[PDB]
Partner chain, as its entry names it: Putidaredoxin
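Just one chain is shown here, as structure tokens, and it is the form deposited without its partner chain.
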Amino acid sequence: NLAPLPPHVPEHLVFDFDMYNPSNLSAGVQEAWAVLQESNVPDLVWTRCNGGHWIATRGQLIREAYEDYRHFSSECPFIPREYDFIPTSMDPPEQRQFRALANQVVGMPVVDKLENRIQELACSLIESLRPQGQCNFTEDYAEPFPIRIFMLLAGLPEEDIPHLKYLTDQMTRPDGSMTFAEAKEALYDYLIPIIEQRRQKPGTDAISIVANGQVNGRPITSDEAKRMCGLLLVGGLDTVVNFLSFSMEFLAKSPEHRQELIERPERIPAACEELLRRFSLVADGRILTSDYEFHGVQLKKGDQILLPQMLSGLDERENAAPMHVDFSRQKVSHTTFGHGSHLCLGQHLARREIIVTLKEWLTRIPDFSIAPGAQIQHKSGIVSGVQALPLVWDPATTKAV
């Protein structure tokens, strides 16, 4: 599965890293990707895996490339080359209109509005789990929490959750029932009638807002609205599900860090930021719009380049002892939510989900562990993650509140 080396790529830059199967995976995903930052590895390498593509390995180049959309286009953001969500695949200027609209639905003011709804949802999930003394965290909290948040955001009935969870799962873990493109249309078929109706009788919900939106001085098309609404759903799922899982896996394994946040709950927002750095999980890419010499390396029009958001915060040049989790770091440097014009619109909503999760969980279930005998398995990709997270606790050490 190595693609033949293109003639413009010098051999000395070749490191065959497989973003879907890194060799050090059993050590943890972030550790597995950090091999790219060992001192014998150049700032910019070519891998022959996954069709062949560049990888920027250090924070400086990752940031620079994300800033320079004129050379590094979002028209093809996934490796391999072989997905019509908006605004993911748009560059400025087209991107800014759609981004402005989506910001109306998940922006800081909306997050401030839903804050206690978000807390009530977390409390309800946690309280239902608390007496069991155990859960499949990824299944029982990490997924229900953001999907329930979406149903609130989008004004959608609870009965639709199982079917919506299934459709979104088909894009990450397919059953074999249908192609990826079929899962997409199924989702769109769910969304179109809701969009069309709320054009006519708008609510205060995200679908209403997007549906009644304007681009190019005219009403948004149903095609545009469906592709945007689709991103608002999937965008806040896989990342959140997997990030909360990494964070809870770490806390389950580190009673000292649990204790710190229990004793000092005011450090939880700072803890959130440090977890976002240490357990960063996205690795998107760009495509070269033209021939371009970049830090002494000749890139060719059409080359793909993976720019792992994950790696900037792990780079020792950005944070000392980057593998060490320290909630009091004076400066937490990362690009966990990206960088440049596509920087996560959900960043404020995600931080609140994380903070609320940490606070409510540590309040009700302060002492918890990985299930005895369980070895946590991870997966690597565009959004890296946790396959499952079995947790246990003693319900006599918990409290309802």
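Positions refer to the first chain, counted from 1.
The form solved in complex with its partner chain is left out here; the points below concern that form.
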{"item": "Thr47 within 4.5 Å of its partner chain in the deposited bound form, heavy atoms", "value": "no"}
{"item": "4.5 angstroms heavy atom contact with its partner chain in the deposited bound form for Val35", "value": "no"}
{"item": "Its partner chain contact in the deposited bound form: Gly340, any heavy atom under 4.5 Å", "value": "yes"}
{"item": "Non-hydrogen atom contact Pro219 with its partner chain in the deposited bound form at 4.5 angstroms", "value": "no"}
{"item": "Answer option from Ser369, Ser26, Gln347, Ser333, heavy atom within 4.5 Å of its partner chain in the deposited bound form", "value": "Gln347"}
{"item": "Candidate from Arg267, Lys300, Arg96, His295 lying within 4.5 Å of its partner chain in the deposited bound form - any heavy atom", "value": "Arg96"}
{"item": "Partner-proximal stretch of 194-202, 126-134, 109-117, 229-237 relative to its partner chain in the deposited bound form, 4.5 angstroms, heavy atom", "value": "109-117"}
